[PDB]
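# A look at the structure
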Amino acid sequence: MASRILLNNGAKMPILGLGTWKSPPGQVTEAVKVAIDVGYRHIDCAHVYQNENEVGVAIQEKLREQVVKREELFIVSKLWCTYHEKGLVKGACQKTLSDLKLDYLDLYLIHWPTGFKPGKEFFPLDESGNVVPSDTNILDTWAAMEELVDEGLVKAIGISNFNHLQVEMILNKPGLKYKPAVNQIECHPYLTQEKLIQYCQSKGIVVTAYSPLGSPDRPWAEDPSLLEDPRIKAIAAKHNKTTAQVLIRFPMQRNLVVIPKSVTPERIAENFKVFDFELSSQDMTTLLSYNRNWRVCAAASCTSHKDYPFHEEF
Ligand SMILES: NC(=O)c1ccc[n+]([C@@H]2O[C@H](COP(=O)([O-])OP(=O)(O)OC[C@H]3O[C@@H](n4cnc5c(N)ncnc54)[C@H](OP(=O)(O)O)[C@@H]3O)[C@@H](O)[C@H]2O)c1
């Protein structure tokens, strides 16, 4: 299968990228350098991960050394929740650009539909354990995202962790100028997302699957473990691949983009070797059968936010 998917802005997005959430700053520079050396062209970043400077060191070095050209890279970042205000969006994008040592992003996402009170703290909370919201609504944040396209800071804009009515609220927005190119959502065999994926794809919005391996290094982890699931290990054995490779190929065959995270050189290389085998239709349906509606990222402290995404069915 092809290495890239056509977005609704006319650009092509590599269907396999390197995730960087939790990648330690002292390891993520090597991780991104290795990834580019072994063929990754898509890096998934975020200001809230606090490691974009070190990601940027790697990108800049590989550009300087002519390992890759900028036009060949697809760099993604995300606007954090405390910058949903109209007057903060541009500065937030420019800080990310500065840290990444780039003059444009290929894709910039609203990281969550939930706006938080602006300030130094990424998660301002009150005594109920609930986040302090901002009164910005998502349509105004979307228009500020649209301005970044028209200023040349980003080639495409999108959303992340939006449920289907929130996607629809953008798509229905009066005076909408740019449709979201992408909705990045958690997706894996324990959270298969059939309904939201079919909705987005029917609209020409590409879906990116995050936490494809079930985020075994997530801070709040004995819960389900995709990588140790004997049923998935059995499918991997049948194909003479690793469990991780099956878990990465799975979304690819649903016409999703997928962004496994690793800081381990051997795994970074191994995770990219997924274009040389095919899961059968029966394999695909079997993997889908494992859905348990289990989320790595439930945003536990935001469940009373008016824009909390995970109340609605999808
Ligand atoms: N939009 C959002 O709100 C959001 C939320 C979550 C994630 N994301 C993005 O999605 C990316 C991926 O999700 P994630 O970081 O949650 O988790 P993940 O990619 O599902 O899993 C990462 C974990 O799997 C390990 N691993 C990687 N390859 C492996 C292999 N071949 N064999 C065994 N273990 C392997 C990694 O270990 P090592 O690193 O030690 O090798 C790490 O502990 C994130 O990094 C981020 O870029 C976005």
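Residues numbered from 1 in each chain as written, not as in the entry; some residues may be left out. Heavy atoms only, no water. Residues with missing side-chain atoms left out of burial classes, pairs and counts.

As summarised from the PDB record, the model derives from X-ray crystallography at a stated resolution of 1.69 Å.

## Quick notes on the overall build of the protein
As a reminder of what qualifies: Put simply, DSSP marks the helices as runs of H or I at least four residues long and the strands as runs of E at least two long, and each gets a number from the N terminus on. Put simply, the radius of gyration uses C-alpha atoms, and a globule should come to 2.2 Å times the residue count raised to 0.38.
From N to C terminus, the protein includes 10 helices and 10 strands. The globule rule puts the C-alpha radius of gyration for 314 residues at 20 Å, and the 19 Å found for the protein is close to it. Summarising its shape, the C-alpha atoms of the protein cover approximately 55 × 45 × 40 Å along the three principal directions.

## Considering the UniProt feature "active site" in the protein
Inclusion rule: UniProt positions are given in the numbering used here, feature names are shortened, and annotations may be inferred rather than shown by experiment. Residue exposure (1.4 Å probe, protein chains only): buried if accessible area is under 20% of the type maximum, exposed if over 50%, otherwise partly exposed. By definition in these notes, contact holds between two residues if any of their heavy atoms fall within 4.5 Å.
In the numbering used here, UniProt assigns the feature "active site" to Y49. Inspection of the secondary structure puts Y49 in the loop between β4 (42–44) and α2 (52–64). Look at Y49 and you get buried, because its relative accessible area is 17%. Apart from the residues within four sequence positions on either side, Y49 is in contact with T20, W21, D44, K78 and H111.

## Focus on the sheet that holds strand β9 (residues 206–210)
Test applied: Two strands form a pair only when DSSP identifies at least two bridges running between them. Angles run from 0 to 180 degrees between N-to-C directions of axes, and those axes are lines fitted to C-alpha atoms, restricted for helices to the stretch in contact.
Within the open sheet, the eight strands sit side by side as β3-β4-β5-β6-β7-β8-β9-β10. Their pairing is parallel. The open sheet has two free edges, formed respectively by β3 (18–19) and β10 (257–258), since each of these has just one partner strand. Pairing between strand β7 (residues 157–160) and strand β8 (residues 182–186): two bridges, direction parallel. For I159, the partnering residue across the bridge sits in β8 and is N183. Lying on the sheet, helix α6 (residues 194–202) is in contact with β8 and β9; it crosses β8 at an angle near 170°.

## What about the environment of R249?
Among the secondary structure elements, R249 is positioned in helix α8 (residues 243–252). Owing to a relative accessible area of 6%, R249 belongs among the buried residues under this scheme. Here the alpha-carbon distance between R249 and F277, two residues 28 residues apart in the chain, equals 8.4 Å. Residues in contact with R249, not counting those within four places in the same chain, are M1, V274, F275, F277, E278 and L279.

## With respect to the environment of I197
Mapped onto the elements of the fold, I197 is located in helix α6. On the basis of relative accessibility, which here comes to 4%, the residue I197 falls in the buried class. Separated by 81 residues in the primary sequence, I197 and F116 have C-alpha atoms spaced 27 Å apart. Beyond its immediate stretch of four places on either side in the chain, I197 contacts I185, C187, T192, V207, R254 and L256.

## A few points about unusual backbone geometry
Backbone geometry at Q193 places phi at a positive 70°, although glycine is not the residue there. Its location among the elements puts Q193 in the loop between β8 and α6. The class for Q193 is buried, based on a relative accessible area of 13%. Its identity as a non-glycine residue notwithstanding, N255 has a phi of 60°, on the positive side. Overall, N255 belongs to the exposed group, its relative accessible area being 53%.

## Brief notes about the packing of helix α5 (residues 164–172) against α6
Rule in force here: Oblique is the label for every angle not falling under 35 degrees (roughly parallel), over 145 degrees (roughly antiparallel), or within 65 to 115 degrees (roughly perpendicular). The handedness criterion is simple: a crossing whose near helix is rotated anticlockwise from the far helix by less than a right angle is left-handed, and one whose near helix is rotated clockwise is right-handed. The nonpolar class holds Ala, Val, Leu, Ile, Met, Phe, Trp, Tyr, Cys and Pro. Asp, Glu, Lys and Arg form the charged class, and all remaining residues, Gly among them, are polar.
Interhelical geometry of α5 versus α6 gives an angle of 15° and a closest axis separation of 10 Å. Here α6 runs roughly parallel to α5, going by the angle between their axes. In the packing of α5 onto α6, the handedness of the crossing is left-handed. Of α6, the residues touching α5 (which contributes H164, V167, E168 and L171) are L196, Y199 and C200. Its residues assigned to classes, the contact of α5 with α6 comprises five nonpolar, one polar and one charged.

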